[PDB]
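Just below is one structure, and these are the notes that go with it.
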Amino acid sequence: XXXXXXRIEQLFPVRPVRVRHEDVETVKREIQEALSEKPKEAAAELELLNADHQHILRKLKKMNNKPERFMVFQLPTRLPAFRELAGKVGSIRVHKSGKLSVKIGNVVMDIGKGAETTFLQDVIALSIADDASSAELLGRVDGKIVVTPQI
Amino acid sequence: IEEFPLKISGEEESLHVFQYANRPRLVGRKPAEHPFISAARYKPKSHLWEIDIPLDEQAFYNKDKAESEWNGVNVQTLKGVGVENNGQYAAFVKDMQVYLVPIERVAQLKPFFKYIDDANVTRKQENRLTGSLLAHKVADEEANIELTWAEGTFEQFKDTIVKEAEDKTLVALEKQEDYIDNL
Amino acid sequence: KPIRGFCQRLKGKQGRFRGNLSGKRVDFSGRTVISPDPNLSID
Amino acid sequence: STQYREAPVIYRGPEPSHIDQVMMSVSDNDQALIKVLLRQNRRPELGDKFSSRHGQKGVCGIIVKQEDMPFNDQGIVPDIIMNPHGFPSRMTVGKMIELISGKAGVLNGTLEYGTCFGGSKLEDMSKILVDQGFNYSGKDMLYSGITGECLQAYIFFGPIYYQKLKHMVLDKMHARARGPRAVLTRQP
Amino acid sequence: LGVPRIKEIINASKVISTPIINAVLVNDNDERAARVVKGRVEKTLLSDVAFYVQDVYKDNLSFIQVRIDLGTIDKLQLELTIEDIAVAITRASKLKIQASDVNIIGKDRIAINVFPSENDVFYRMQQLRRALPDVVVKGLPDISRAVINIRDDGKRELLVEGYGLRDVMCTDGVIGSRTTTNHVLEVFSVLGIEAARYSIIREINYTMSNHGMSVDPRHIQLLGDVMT
Amino acid sequence: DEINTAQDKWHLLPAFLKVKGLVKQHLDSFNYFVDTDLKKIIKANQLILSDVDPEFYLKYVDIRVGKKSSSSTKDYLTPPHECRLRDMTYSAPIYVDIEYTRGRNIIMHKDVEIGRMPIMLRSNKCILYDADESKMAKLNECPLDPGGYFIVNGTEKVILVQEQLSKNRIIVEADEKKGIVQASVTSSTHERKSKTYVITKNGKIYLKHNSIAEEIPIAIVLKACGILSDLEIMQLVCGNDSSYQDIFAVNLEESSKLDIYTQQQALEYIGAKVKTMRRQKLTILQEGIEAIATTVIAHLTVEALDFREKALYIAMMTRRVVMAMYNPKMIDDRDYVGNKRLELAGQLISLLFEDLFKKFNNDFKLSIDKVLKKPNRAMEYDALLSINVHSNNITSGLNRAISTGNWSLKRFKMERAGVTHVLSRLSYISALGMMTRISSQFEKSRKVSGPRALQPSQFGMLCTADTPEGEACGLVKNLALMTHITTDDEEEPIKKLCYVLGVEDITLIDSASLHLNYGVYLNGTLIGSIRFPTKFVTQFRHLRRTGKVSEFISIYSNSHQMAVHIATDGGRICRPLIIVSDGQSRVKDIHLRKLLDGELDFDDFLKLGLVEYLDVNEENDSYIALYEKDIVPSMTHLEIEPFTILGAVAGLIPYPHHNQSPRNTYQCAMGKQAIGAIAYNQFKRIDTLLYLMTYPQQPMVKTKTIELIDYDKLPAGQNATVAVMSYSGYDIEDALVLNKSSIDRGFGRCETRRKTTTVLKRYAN
Amino acid sequence: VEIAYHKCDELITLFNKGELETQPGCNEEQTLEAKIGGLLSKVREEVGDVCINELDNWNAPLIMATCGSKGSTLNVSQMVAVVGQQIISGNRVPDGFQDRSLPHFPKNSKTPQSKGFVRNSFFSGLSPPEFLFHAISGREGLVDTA
Amino acid sequence: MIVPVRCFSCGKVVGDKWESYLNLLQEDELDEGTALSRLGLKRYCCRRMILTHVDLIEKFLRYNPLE
Amino acid sequence: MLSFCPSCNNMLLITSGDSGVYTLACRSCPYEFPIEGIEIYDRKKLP
Ligand SMILES: [Zn+2]
Ligand SMILES: [Zn+2]
């Protein structure tokens, strides 16, 4: 950030992340993923998107058998015609040069790293039934994936 | 050049995501501790998530003013609604496969000040109704649905997700040229 | 509010003073387009 | 509203008119409707207003006989004489280009174009003018109508589109000696 | 410098847009000759000379600190080190909230004590740390700015944009005898009715000579006379 | 001889005008009114009910103009020229079908008439629609008449295009001396129109509303709108910026300076000042009044327990005010053509008809009550007599409003005049330029020349020369030659498409990262953030070019304010431009060959994505080439024809680019007053005043516009042989020397025709 | 004009990539504006003087300017040589779009062509952007006379 | 409306040239310039009288009220 | 100060409680940061 204003780590007076206006942008590109540390506009966004492709693939090969992590996927609402929908819709097939792609059906679409959400995201399963009801918590979210149709 | 299959599952399953607008996603190089949760609440047909995470009276609690102003302030209350949003799915990897379960009514849990509401009510203690008027009238008329809590049970859900995704398989027959006009 | 009072007969550009008292329509006057005439005396 | 007070429609015009249409009809609400159209032919006079599509308006200041007008080698005389002092300050060069384009156009038999950011090119019009025997710049040598001598300057000479504006001095001339006065102020 | 200027003059508006005070000097130099007077006439300087304003808290004491820099005061040739800043702060702070005991801790750090139905101390501290930088420690509290100029020649004068003529005439390094504002109502209060009518005449002549209008000065003299 | 696309691309302009004429704003608006808005008004006021007799409902099932279902053919309309002669209104009946219940359990239809709708000339309902000059001759109509105006009481009335500020959009406007910054949105919903200010006072941001009694601290309002964390408020109105946080900390602290707050407490503070509601439903003066206080605070109707949309709207408005406070020049320019919307004759008449229909229905319900309020003999037979007699009020109101130009609308509660003007018949071009005229909004503070100034952003949208002299100068503006006024397109499928294209909804995101990525807007309303905004914009434009989204939907990305805006509302002025891709123009002269062959009309150039409409805001992102000979790879569009920046009237001037511009404006004034030919039926007309030239000549030097607008068919002037020389001394200061015997031979000859009308009226005795 | 266009463009390149010497009374934006305004005025003056000296004797506008009956050498130079610089509200034509005067110029452009300098004369005719800038200046004059 | 009898400027009779000019354009189609010169319209004022004339009488006669 | 509560992220304020202690005493929540021999300083650069 910048010249910030001065027992438990997580119980101290929480101050806003403050930066000057002179380079409020140069901070932004670094602290887009610095707030994560997860375990010309044409070429720039393309490079960003490819770097996000590599980050997504790293996350997935980091997801291979974890029981607590999650990753919310955003998908087009009116998907390719096959909710009453079940089974093997398609796949996340990784192309060459390190870029990803998704075939939700026969259609082909490209993937994205979504927006950063620097706050805790916990996924629960509400199960309300007449006998008894319970909030089956399952885990926390690690980031969002956006999948957008291409032409 | 490799493949990563996608499985869609949990049609009848109902899932929710919490967004704690109060706790950071990570405070160091590893994710922050999951806040301890106890005594949760919910409302059908009105979709009000209410969560009561107990605070720390050991330090930074200000017991005298806490108890003098508001009687029960042990538990920090988080209140939020769930918003319908299509195209939302939760995912994990089990056997080099990604399993998608649809989410319903994601919530942003803001801090709640129930004790301030009730302390102020005790301070003050001495027709179509359309639109959002009906919303809060419903909220303070048809309410009070308690809801038990159960954390840690993930394996039953995951093995249901895997079971419901190995039995069904179907082919896509609609052309991508018709798909672009179906958006 | 169109009601016309005595203070509105007096006040304004077309009221009483500025409309009739110093500045008014006159008799024995005329108006038309002007054209040049270099053979006229300047007076 | 037996006896009928007269309320005739009198023609009050400085100049006579002619009746060219009398339409008898009924309106939507059942009652007779009369319309009489009066036509008045107008001849241009001193003080009538003309304009040339370039904002150079001006009244007719004199009507001179044809023999007093300057003439070229073919006996063409101007219908209008536009004073040259209206150009240097108003800077309507499009009017000059229009004169040359229209002149080359009539000589060549073609209507020309003055389209914005385009139109007929000035050098092509000059080529037409020279090929027809005229000076490239549109300046013909003229003879004075009143003396007959060659004018010592070449005169920019050609067709220009002119509009007669609705403002005619016949509708503007007004003279009051004594007449109606206001009931309130007793003023004219 | 046209019809609006003449309109303002003839209306005799006590407040005008763009007043200028043409204060000639007694010395001909920039370094430490013109800039000294320019420092003598300026709008606000605490924000210019503080280089930060602090908000210090302790177990029981709340200190508003400001570590003034000598570099600004020496580059921009001003004449004030600590106590002038302190006294200016007192009146200003007393004007907004109050000023009981301002202290100096030395090393160019003037410290303001703030001490006492609740949170009044915090509210006063917040508004104080806001309103403290925008106080006048040097110069005149009416001058918009000051510019040192050249009249197409070699002598340097300052045309100031303020509303104080008595103060600029009384400031050292300025000839009070030869100091003329644009403001007729300021001339009248300070110099009198005859100098005011001189000002009316001169300003109308200036407005009519920059436009190339030719009006006989006797008309302007008659206008000034009828006004005064 | 082969087509040269660098010079044959101008043929897109005649192809455009062949299907979208100069009078198309009026015709399209009236067609849309009589084809959809009448149905919408009927559906809105579908049923009218009475307090007594619940066994009674009167339904409005279908509406039509000018045609019954008894005969396939349309009704006989009196021709418009017959209406002009007899001083009648050129109108068509307004037919509805009615479900009114009989006493003995009977349900039935009908086709009843509820008045007469004045018909715009050459609209869908006009008899002149699709006539081939033989029908025009038989009807005594000129084929070159523009249409687009009404005949009420024999008078030709045009409803002039009105220019207003964009509704439902935020305008930030700072100030000097006072030092306030004021952001205001005019929320013009269907039932209400209110203004929601966000002022600055004593360094603190406040909210000001007409309904609210007091200006409210902004943090109180942000808490009342579900944003109570008091940290995200800072993250919503400042983000990560040391300056903005410093500016807004005062309001953050003033939230507590009263007291610490919850949502319901802030709602109570809001509700304590909501003035009143004319003393009805008085049992709601509680915390339950805040709901309509907040759902009346803007045009965003919140109907649930979520305030994400409205809260973020208020936060963005506050952020705009804060950015203006920190950095002036970050305020909106009120005279920017992107901030202007043009309301049209169809929308005007729609509002007028809806109000007259509401008054009709109120009176009809009361008459029904009177008829059924008797103890005995209350037979239901012929409930429609009160409709046979009360139908004249619709006709009377429509006629009166069009005739006088006064529009007394009670629902929106404004009394505006000058809506309609008499169609000027001084010349053919006079009528044509009367159409395509635009009147600017009143209360502009006419003391200044801000709006009077010519804006660079009006290039190719409004004529650069056609502005009047006198008092009105820049207040009256004229449409440029090749323009289009967009129509309201539904924002719902477009928002869904945005979500499909990568916009995460505005409810899934956190405040901290809100100002980290571009936020996607929709008619000024934030609907989510976007990663890769430029890719999103590019995909949206591809969807528009391929015909998936409507072509009048504009997308543009703002870089200072990190935003991607999508506009779908009507009233935006736009013009077609040739799309330039990869440094090449997409027309490439094969399409020009097909266009000249007759197939491949202009709308095919849109259905193939060769041209697209750009409104003013999209041009903020484009890079347009004047000619194909100067296209660089950085460019996005190509001009179809650069002279289209002038309107119809300025298209009379030959070589206007060689003149000093005031002379071009003066000619725009003079051409409307030129005497010439009026119409092919100008001798069948009987008009109040008509100046006709005896021997009109077409100009020797015309322009493309002259033949586009058919001025060469009804010219106003003569080609005078002119000698430019000083002569006789009677030609000084603009005076002209006229040749006698040119005058004798008929040069400059003209006639005046004047009409006198009398009525042999009837009397009570 | 080419030796003057290059000067203005290199001033633009200085003000953008590096830093040009700010005037005592004018900051970076006002310094550049006043600098190239003076540049464009001087270049128009030079072209006008060349035009006036080259003009033939018995040139009618020159005669009318010499005797003083109508017009000025400025008008003659605008008709013949160059319509110099369109001054709106006392300075170069403003930004009608986002940091840019017209969409027909690159964004963030402060070149003379893009900001109201009319290289053409009324004889040679104005390109569409010069035509718009001139119409803005003339409309300002007309609204002023109203 | 109908073609003037005389050139406005010279006074030459051009009213007997309109039908023959129309015939020269329609039948045995020629250029407008050559058709004008074939009729003896040498002066450009006389050429203007025919070249720029708009024959509005033929349109006005479509609205004959005595059919 | 511009300090926010770790519990409800509301605005933190200093208070003079028993024995004059300058605690950062949050409202709307039972939060309190007692200052124990420490200095909390929020300064801003000035140009
Ligand atoms: Zn002739
Ligand atoms: Zn707190």
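Below, read A as the first sequence line, B as the second, and so on, with proteins coming before strands; counting in each chain starts at 1. Below, each value reflects all heavy atoms present in this structure, side chains not excepted, and no hydrogens, waters or symmetry copies. Remember, it's 1-based here, ligands and their atoms both numbered in the order they're listed.
- Rounding to the nearest 10°, we obtain 130° for the angle at the Zn ion (ligand 2) between I/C8 SG and I/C26 SG.
- Between H/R48 and D/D79 there is a salt bridge, with a side-chain nitrogen of the basic residue lying less than 4.0 Å from a carboxylate oxygen of the acidic one.
- Seen from the Zn ion (ligand 2), atom SG on I/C5 and atom SG on I/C29 lie at an angle near 90° (rounded to 10 degrees).
- The aromatic rings of D/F50 and F/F747 lie parallel to each other, their planes meeting at an angle below 30°, with 60° marking the opposite boundary.
- The shortest distance between side-chain heavy atoms of I/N9 and B/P111 does not fall below 4.5 Å.
- Ring geometry for I/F33 versus B/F60: interplanar angle under 30°, hence parallel rather than tilted (30 to 60°).
- The angle subtended at the Zn ion (ligand 1) by SG of H/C45 and SG of H/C10 is 130°, given to the nearest 10°.
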